[PDB]
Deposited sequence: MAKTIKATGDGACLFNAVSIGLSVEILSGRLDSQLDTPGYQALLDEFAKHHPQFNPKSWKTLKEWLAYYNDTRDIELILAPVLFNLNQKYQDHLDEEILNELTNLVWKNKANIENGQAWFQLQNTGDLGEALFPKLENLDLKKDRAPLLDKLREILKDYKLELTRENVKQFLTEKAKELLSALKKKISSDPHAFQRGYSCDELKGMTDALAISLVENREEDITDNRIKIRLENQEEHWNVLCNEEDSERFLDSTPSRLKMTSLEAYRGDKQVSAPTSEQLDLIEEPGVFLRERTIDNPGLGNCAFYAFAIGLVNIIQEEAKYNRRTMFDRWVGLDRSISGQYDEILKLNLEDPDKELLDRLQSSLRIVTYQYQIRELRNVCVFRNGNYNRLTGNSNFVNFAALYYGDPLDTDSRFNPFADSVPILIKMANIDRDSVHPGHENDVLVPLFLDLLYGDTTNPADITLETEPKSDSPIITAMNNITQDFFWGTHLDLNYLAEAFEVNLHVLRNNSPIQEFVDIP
């Protein structure tokens, strides 16, 4: 029995459980429970977290756990998913924060009104329990120290005996505001995954996933579901496993993911889908002020693809072209005509066909991603406000012409959007918080009054005749040149490394292997 080490980022419980559950998923022992509500929720959260989890099935999920088989890769792709799914089983955070606040003041009444610092306070009980871990997780400058000041103020009214019950009743009478605000902060704490966890805080989830968690070998003889054994020595969680399965289903690929814990939980950097380093497409930017020969983005990308195809033809392979026809069958049976392309003067007919294909492919991808990004995530729309298409849409509010050029922004000249846009009470807009008005608007224009935002899912069909989808159809049309942003999705689909030089990037050569 070997101890597999989980990253100590504060979510070591979620990391360890991610690893053990990973061996169980590949190991096949959970193929019975796989269609149950719990593992359907697991799948749904996995697809909710990874926009490139393209076929929504467990076939794909087991693929992912097999490809990204580094234990850190596993944590990076599954621990945020388990975290998200765990949130769906918390029940009474109101009572929890009440208990945490009463613990704080109960054990630190004099400490607080004496002006002590947070690190000087008593945060542990007589049995070693953590007295207020969620409160403790909040940032010191932003929240904790101000809270100690506010408690110092309202404690001037505390005219009772110092007991836990008296403190609870006191905080119910005099800190309803404070409790509400603390609830907002803790529920939206972006570093929540780092606050340290006990096993039972996950119990709900684990029961929905049919797994018991064994803490330091203290097993429940009465419990007889499949287990995940966890060692906890110095306030850290590791997972025990048998040597045999250790070597077959963990660390059977190289480490592939270069991304921080926070980046993983936040969704900033998407993970690429498993592939079965790549070929490269190399472009160089030009400006509108100073174009080269004025090529649009789709033309340049298509030329790159054709070069990759012809190269692979010399070595007697059609890999890339095959990948193209799987994306667009309209191109199958064009291999020879493409191979015969004089890239000095390339045939305009064929090239316009290829560009059209590319535009439709990039539409399919952008719409899939936008739909993933409008999915309700408990009030958080940061992934949505980072979307290139939402950025192009919101560029119309403060209408700088450079962001509304018709050749690059699909929404540039949509009259209905410009209407709704110009008819917004801008005084109701909080500066730097235009998103607060823009993301509901967007959602409306994408799904209509027919579907409440909080009900949007990966499956919620966007409303037809929507001005959003109407505007994005402009990328299919040929007066749309496109930008590197669209070429990013094209680079996703064709599995190539897209390298874009600037107008003035220098190239130094060296001799290499």
For this chain, which runs of the deposited sequence have no C-alpha coordinates, given in order from the N-terminus?
-> 1, 278 to 283, 521
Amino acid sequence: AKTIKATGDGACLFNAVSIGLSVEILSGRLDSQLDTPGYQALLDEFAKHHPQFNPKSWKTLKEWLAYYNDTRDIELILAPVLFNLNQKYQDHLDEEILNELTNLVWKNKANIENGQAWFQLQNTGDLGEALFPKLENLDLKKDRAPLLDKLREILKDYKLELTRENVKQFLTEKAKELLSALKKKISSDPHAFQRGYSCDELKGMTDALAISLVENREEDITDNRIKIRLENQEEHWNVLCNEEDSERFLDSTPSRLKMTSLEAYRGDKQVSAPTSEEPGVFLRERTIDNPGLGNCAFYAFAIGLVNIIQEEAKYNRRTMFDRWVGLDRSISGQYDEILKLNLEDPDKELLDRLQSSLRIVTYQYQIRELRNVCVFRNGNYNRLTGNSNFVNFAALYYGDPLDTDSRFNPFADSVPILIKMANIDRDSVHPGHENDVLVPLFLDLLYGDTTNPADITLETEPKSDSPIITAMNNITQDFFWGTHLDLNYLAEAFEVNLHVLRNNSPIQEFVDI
From here on, numbers count along this sequence of modelled residues.
Using only the Cα atoms and their B-factors as the entry lists them, report which of 103 to 111 and 350 to 358 averages higher.
-> 350 to 358
Mean C-alpha B-factor higher for 450 to 458, or for 66 to 74?
-> 450 to 458
So among 413, 96, 201, 136, who wins on Cα B-factor in the entry?
-> 413
Return the residue from 88, 248, 185, 168 that has the highest Cα B-factor in the entry.
-> 248
Relative to the other modelled residues in the chain, which third contains the C-alpha temperature factor of residue 386: lowest, middle or highest?
-> lowest
Tertile call for residue 132 (CA temperature factor, within chain, third-based) is the lowest
Sorting the chain's modelled residues by C-alpha B-factor and splitting them into thirds places residue 445 in the middle
Residue 190: CA temperature factor from the record, placed by chain third, in the lowest
Place residue 507 in the lowest, middle or highest third of its chain's C-alpha B-factors, as listed in the PDB entry.
-> lowest
